[PDB]
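Student: Here is my input; please provide its structure:
(chains A and B)
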Amino acid sequence: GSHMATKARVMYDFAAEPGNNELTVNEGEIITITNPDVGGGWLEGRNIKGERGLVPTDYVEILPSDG
Amino acid sequence: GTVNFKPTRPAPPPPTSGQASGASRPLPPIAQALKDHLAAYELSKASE
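Tutor: Residues are numbered from 1 along each chain as shown, chains lettered A, B, ... in the order given. Below is the structure in question.
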(Lines give C-alpha, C1' and ligand atoms only; values in the text may rest on other atoms or scores of the structure.)
Protein backbone atom coordinates (compact mmCIF):
# COMPACT_ATOMS: atom_id res chain seq x y z
CA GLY A 1 0.00 0.00 0.00
CA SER A 2 1.05 3.62 -0.76
CA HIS A 3 1.43 6.40 1.94
CA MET A 4 1.32 3.90 4.91
CA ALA A 5 2.50 5.31 8.28
CA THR A 6 5.73 4.46 10.19
CA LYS A 7 5.69 2.88 13.73
CA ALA A 8 8.26 2.79 16.58
CA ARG A 9 8.90 0.57 19.63
CA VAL A 10 10.28 2.37 22.73
CA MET A 11 13.58 0.94 24.10
CA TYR A 12 13.56 2.95 27.42
CA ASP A 13 10.86 4.96 29.33
CA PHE A 14 11.36 8.71 28.57
CA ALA A 15 10.40 11.79 30.66
CA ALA A 16 9.62 15.17 29.01
CA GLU A 17 11.26 18.52 30.02
CA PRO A 18 8.89 21.36 31.19
CA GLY A 19 8.49 23.80 28.22
CA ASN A 20 10.30 21.64 25.58
CA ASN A 21 7.10 20.11 23.98
CA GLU A 22 8.60 16.60 24.66
CA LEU A 23 6.49 13.35 24.50
CA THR A 24 6.51 11.23 27.70
CA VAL A 25 6.50 7.58 26.47
CA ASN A 26 6.91 4.18 28.18
CA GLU A 27 9.39 1.35 27.50
CA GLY A 28 7.91 -1.08 24.95
CA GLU A 29 5.18 1.41 23.91
CA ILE A 30 3.97 1.69 20.29
CA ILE A 31 3.72 5.13 18.61
CA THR A 32 3.47 6.41 14.99
CA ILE A 33 6.07 8.82 13.58
CA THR A 34 4.99 12.38 12.57
CA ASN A 35 8.53 13.88 12.05
CA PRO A 36 11.57 11.39 11.86
CA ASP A 37 14.09 14.32 11.48
CA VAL A 38 13.78 17.76 13.19
CA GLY A 39 17.43 18.52 14.23
CA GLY A 40 19.70 17.85 17.27
CA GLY A 41 19.03 14.05 17.11
CA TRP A 42 15.25 14.36 17.74
CA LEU A 43 12.00 13.07 16.18
CA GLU A 44 8.21 13.59 16.62
CA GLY A 45 5.49 10.92 17.15
CA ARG A 46 1.82 10.18 18.11
CA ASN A 47 0.60 7.60 20.68
CA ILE A 48 -2.56 5.54 21.45
CA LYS A 49 -3.92 8.69 23.20
CA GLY A 50 -3.06 10.83 20.13
CA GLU A 51 -0.60 13.18 21.92
CA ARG A 52 2.47 14.63 20.16
CA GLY A 53 5.90 15.83 21.35
CA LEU A 54 9.67 15.47 20.76
CA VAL A 55 11.46 12.13 21.36
CA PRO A 56 15.19 11.14 21.03
CA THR A 57 16.06 8.65 18.18
CA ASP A 58 18.61 7.10 20.62
CA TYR A 59 15.61 5.94 22.85
CA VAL A 60 13.19 4.34 20.29
CA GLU A 61 13.59 1.77 17.43
CA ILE A 62 11.80 2.13 14.04
CA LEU A 63 9.71 -0.89 12.92
CA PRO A 64 9.82 -2.58 9.41
CA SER A 65 6.97 -2.99 6.82
CA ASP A 66 6.82 0.84 6.22
CA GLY A 67 5.42 0.54 2.59
CA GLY B 1 -3.41 22.47 12.12
CA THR B 2 -0.06 20.89 13.19
CA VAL B 3 3.63 21.91 12.63
CA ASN B 4 7.07 20.44 13.36
CA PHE B 5 8.80 20.77 16.69
CA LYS B 6 12.25 22.33 17.28
CA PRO B 7 14.24 20.95 20.32
CA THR B 8 15.38 23.29 23.16
CA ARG B 9 18.32 20.94 24.00
CA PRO B 10 20.50 18.36 22.12
CA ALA B 11 19.33 14.72 22.41
CA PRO B 12 20.00 13.12 25.88
CA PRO B 13 22.07 9.90 26.30
CA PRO B 14 20.15 6.57 26.69
CA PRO B 15 20.94 4.03 29.49
CA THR B 16 23.68 1.33 28.88
CA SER B 17 25.15 3.33 25.89
CA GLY B 18 28.79 4.52 25.40
CA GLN B 19 30.00 7.94 26.62
CA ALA B 20 29.29 11.29 24.90
CA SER B 21 28.61 14.94 26.04
CA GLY B 22 24.85 14.78 25.13
CA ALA B 23 22.29 16.86 27.13
CA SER B 24 24.67 17.53 30.11
CA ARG B 25 24.53 21.15 31.41
CA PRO B 26 27.69 23.28 31.98
CA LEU B 27 29.29 23.96 35.40
CA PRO B 28 28.33 27.13 37.40
CA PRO B 29 30.29 30.28 36.31
CA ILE B 30 32.83 32.26 38.43
CA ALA B 31 31.67 34.23 41.53
CA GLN B 32 31.90 38.09 41.39
CA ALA B 33 31.17 40.99 43.83
CA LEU B 34 30.62 40.75 47.66
CA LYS B 35 30.77 43.10 50.80
CA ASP B 36 33.89 44.79 49.27
CA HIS B 37 33.41 48.30 50.78
CA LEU B 38 34.20 48.28 54.58
CA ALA B 39 35.36 44.58 54.42
CA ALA B 40 38.45 45.19 56.65
CA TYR B 41 36.53 47.62 58.95
CA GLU B 42 33.92 44.93 59.74
CA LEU B 43 36.69 42.26 60.18
CA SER B 44 38.61 44.56 62.63
CA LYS B 45 40.14 42.96 65.79
CA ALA B 46 39.15 43.45 69.45
CA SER B 47 40.51 42.25 72.84
CA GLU B 48 39.25 42.55 76.47
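Student: which parts of chain A sit against chain B?
Tutor: A:11-12, A:17, A:19-21, A:34-35, A:38-42, A:44, A:52-54, A:56-59 (CB under 8 Å from any CB of the partner chain). C-beta here means a position set from N, CA and C on the backbone, and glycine is covered the same way.
Student: How about the residue in chain A that chain B sits nearest to, nearest residue that isn't a chain neighbour?
Tutor: At 3.1 Å from chain B, residue A:41 is the closest residue in chain A, using CB to the nearest CB. Residue nearest to residue A:41 in three dimensions, not counting chain neighbours: residue B:11, with 3.1 Å by CB to CB, 6 or more residues apart in numbering or on different chains.
Student: Can you pull the phi and psi angles for the most centrally placed residue in chain A?
Tutor: Nearest to the geometric centre of chain A sits residue A:45, at 3.8 Å (CA atoms, centre = their mean). Note on residue A:45: backbone dihedrals following degrees, to the nearest 10 are phi -140, psi 180.
Student: Against residue A:20, how distant is it?
Tutor: 15 Å (CB to CB, to the nearest Å).
Student: can you pull the buried residues of stretch A:15-31?
Tutor: A:22-23, A:25, A:29, A:31 (16 or more other CB atoms under 10 Å in any protein chain shown).
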